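Report on one structure; see the data block that follows.
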Amino acid sequence: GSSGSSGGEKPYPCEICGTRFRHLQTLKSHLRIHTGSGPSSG
Ligand SMILES: [Zn+2]
């Protein structure tokens with residue numbers, strides 16, 4: 001259906017893949033594995 005908040009667990013769905021995260025601040029860090037071509041971020 002619609003995309004956005006959920007209202008329970010991981011109301012902050014990822015933008016790259018989609019994997020949600022209990023908290024937002026956390027998700028932002030989950031984007032590190034998504035973007036990072038080279039010696040940066042691994
Ligand atoms: Zn993701």
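Readers should treat all values here as calculations from the given coordinates under stated rules, not as data from a laboratory.
Miscellaneous remarks
- Across the chain, Cα pairs under 8 Å and at least six residues apart give a relative contact order of 24 percent.
- D (Stokes-Einstein, µm²/s), Kirkwood Cα radius, the chain, 1.567 mPa s at 4 °C: 116 µm²/s
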